[PDB]
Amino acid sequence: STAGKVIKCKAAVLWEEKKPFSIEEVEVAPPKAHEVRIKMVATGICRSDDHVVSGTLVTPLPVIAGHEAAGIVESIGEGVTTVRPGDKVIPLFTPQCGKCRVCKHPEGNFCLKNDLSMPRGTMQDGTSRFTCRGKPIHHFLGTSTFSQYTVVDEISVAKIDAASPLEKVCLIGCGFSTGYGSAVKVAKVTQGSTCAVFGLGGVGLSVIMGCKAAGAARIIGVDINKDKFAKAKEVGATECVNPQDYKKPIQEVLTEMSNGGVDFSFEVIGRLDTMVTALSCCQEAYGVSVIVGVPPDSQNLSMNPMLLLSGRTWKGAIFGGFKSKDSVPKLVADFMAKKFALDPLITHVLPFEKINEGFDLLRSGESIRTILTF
C-alpha cells in the first residue's frame, strides 16, 4: 500500500524551452483534503503540449506537462466524495467547481478556477505536489499527465465507466471533445450547411466528425500539408484545398467555391492570419466563425471591423464549450455505445519512455495522435 506515503516514480520533466523532455525520477506527495492521486494509464500528445516547449503557450518552468489522459485512482484525500480508489478517471484541464458565476450559467464552461488565463502552475492551494532532484516542479493546467502518478484537485477529475478502454478514451480529455463540441455546441452547425475547417490534425478531424454528425452537406478541409487530406475525407470532408496551390488568397477561393461565403468556419491551427482568413470566408451577413487554435502568447491580430458590421458572428471556446465534469462521463458512455469513433485519430502507439520520439512524429507532420502507455 502507498496510501498516505510519498511515491517515487518516473515523469517527463521540461527544464527549459526548446529542449527534449527529461525522463527521470520525481517524488509525488500524497493528496491533501479534496485532492486525488492517480496512477496514469495512457496520455495523448496534443499540439498544446508542444506549445509549452516552443513558448507559444506560456506557463511557469520547470514543469510536468500533459493534459489529455486517463488513469486509475490510487488514493483520495480527506473529504473527497465523487471518486474512490480503483475508479477509472479522466483529469479535467478545465475545472468545474460548480459554485462560480460561469458554472451556474447555462452556456458557460470556462470555470473561474482555471489555470489557463494567467498560468501559476500549482494546485488550487498555490502549492506543488512534485519534487525532482530536490527542487520544486510546476503543475500544468491542474493536470500534469506526463507522469506515472499525478495529484489533481477534485474539481479537476471525472469518474468514467469501469469498462472503458483507457488507451482510446484518453482523447475525450482534450482533442476529440474540443473539436466535436466546437461544431455541435459552440457553432451549432445546421443540417444542409456548408462548413470550412482550417487545420486537419486531431482537433480539426474531430470538428469534421461533429459537422458530419450535425448533417452538413459540404465540409471543406483546409491544410498546407496535403498528406492530411486522405484521413479528412475518411471522417467526412467532401473536398480538401491546400492554400499553397492557389494564386489568390484562400478566403477568396472559399467564397467562390461556396457561391458567396460559407455558413460555418473553424480556425483549428493557432495562427493570427488564419483566424482573420477563417472569419472573412464566412458569409458576410449570416456567417459564423469559431476560433479553436491557441494563439502565440501576448500577440494581437489586425482586422477590419466592417467584417463584423455586415452581420458576421465571431466566437471562440475552450474544450468545445463543454462543462467538463458533467460532460466527460456522458461522452465516454456515448463512445461505449458507438455514437462516435476514436480509432481514426490514433496513428501511432509508443511506450511513455519514447515520449521524445512521439513529439518528433508530431513536429514532422507524420502523426495525428500518438498515444503513450505507462
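For the two forms, the rigid core is made up of the largest set of C-alpha atoms that agree within 1.5 Å on superposition. In case it trips you up, residue 1 is the first one in the sequence shown, and so on.
Visitor: Consider 339-347 and 54-62 separately and indicate which one has Cα atoms farther, on average, from the shown form in 4 other deposited structures of this protein after rigid core alignment.
Guide: Comparing 339-347 with 54-62, the larger C-alpha deviation in 4 other deposited structures of this protein belongs to 54-62.
Visitor: In 4 other deposited structures of this protein, superposed on the rigid core, which stretch sits farther off in Cα RMS terms, 152-160 or 225-233?
Guide: Checking 152-160 against 225-233 in 4 other deposited structures of this protein, I find the farther stretch is 225-233.
Visitor: On average, which has the higher Cα B-factor in the deposited entry, 115-123 or 171-179?
Guide: Comparing 115-123 with 171-179, the higher mean C-alpha B-factor belongs to 115-123.
Visitor: For the C-alpha atoms alone, is the average B factor greater in 312-320 or in 345-353, going by the entry?
Guide: Between 312-320 and 345-353, it is 345-353 that shows the higher mean C-alpha B-factor.
Visitor: Per the entry, which of 68, 334, 35, 50 tops the list for Cα B factor?
Guide: Reading the PDB entry, the winner on C-alpha B-factor is 334.
Visitor: Taking the Cα B-factors listed in the entry, which of 214, 281, 268, 222 comes out highest?
Guide: Highest CA B-factor of the listed options: 214.
Visitor: Quick check for you: using the entry's CA B-factors within this chain, is residue 101 in the lowest, middle or highest third?
Guide: Top third by C-alpha B-factor.
Visitor: Pull the Cα B-factor of residue 162 out of the PDB entry and bin it into the chain's lowest, middle or highest third.
Guide: It falls in the top third of the chain.
Visitor: Considering every modelled residue of the chain and its Cα B-factor in the PDB entry, is residue 194 in the lowest, middle or highest third?
Guide: Middle third, going by the recorded CA B-factors of the chain.
Visitor: Please place residue 128 in the lowest, middle or highest third of its chain by C-alpha B factor as given in the entry.
Guide: Middle third, going by the recorded CA B-factors of the chain.
Visitor: Please place residue 292 in the lowest, middle or highest third of its chain by C-alpha B factor as given in the entry.
Guide: Within its chain, residue 292 is a lowest-third residue by C-alpha B-factor, going by the deposited values.
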